[PDB]
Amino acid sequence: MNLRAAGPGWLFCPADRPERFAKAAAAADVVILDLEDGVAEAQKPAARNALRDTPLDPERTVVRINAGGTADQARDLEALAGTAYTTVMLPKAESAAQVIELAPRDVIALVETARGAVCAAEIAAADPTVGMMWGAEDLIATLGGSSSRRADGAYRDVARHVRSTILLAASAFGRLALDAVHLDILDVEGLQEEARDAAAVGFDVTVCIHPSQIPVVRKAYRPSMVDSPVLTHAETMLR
């Protein structure tokens, strides 16, 4: 896929909501049809049928499958066999081996556990990888913590650390870099601040969970002693 040619507004849509697929595609640059945490355990078989029955443009659609080693991932790959989709998102990505076993698909690795953070470079370097994303909430959950954000709304340090880790690992191997979802949908101010910062440090994408967030992300990724790299910054802004 030419995912880099699409804009920065990517949108999760649970795959057991086929009635919303067309609206998601209309709102977003890329749709992530979700078979993992956005779909209840009992609804995953229905989500797999909808995946086959209600196709979206495979050049602008990614499918988030279930974690490596799970029975659900096996059922997901069987369902995907009857689709035109070529790119999957791997949640709880924790090793190069988990990515490699998804070949010949293209893989966006979603790092959201301590093991994935420790192994981020190996995951990014794996041959099927085309992008890296991070997830603050599963990260904190699997660390045994209870909140990813400080009282003032900023991420706690370990989340900020993993965010930088994933940005560097993705960029070191020429992969797309995707920034974490902003869970507080009505907090447009906070999303605006995060997406502006993400654009400023070189993320390619901010992933959204609600279509109202897509215009905020698209606008944030547009701009408002000098050495050679500072001129590159100015040329990036013009672009």
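All residue numbers are counted from 1 along the displayed sequence.
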item	value
Unmodelled stretch of the deposited sequence separating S224 from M225, binned as none, 1 to 3, 4 to 9 or 10 or more	10 or more
Per the entry, higher mean C-alpha B factor between 91-99 and 148-156	148-156
Residue stretch of maximal mean CA temperature factor, 115-123 vs 77-85	77-85
Residue, from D34, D197, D179, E189, that the PDB entry assigns the highest Cα B-factor	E189
Relative C-alpha B-factor of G174, binned into the chain's lowest, middle or highest third	middle
Ranked against its chain, the third holding the CA B-factor of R64	lowest
Chain-wide C-alpha B factor ranking for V207, given as lowest, middle or highest third	lowest
Lowest, middle or highest third - CA B-factor, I214	middle
CA B-factor ranking of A46, expressed as a third of its chain	highest
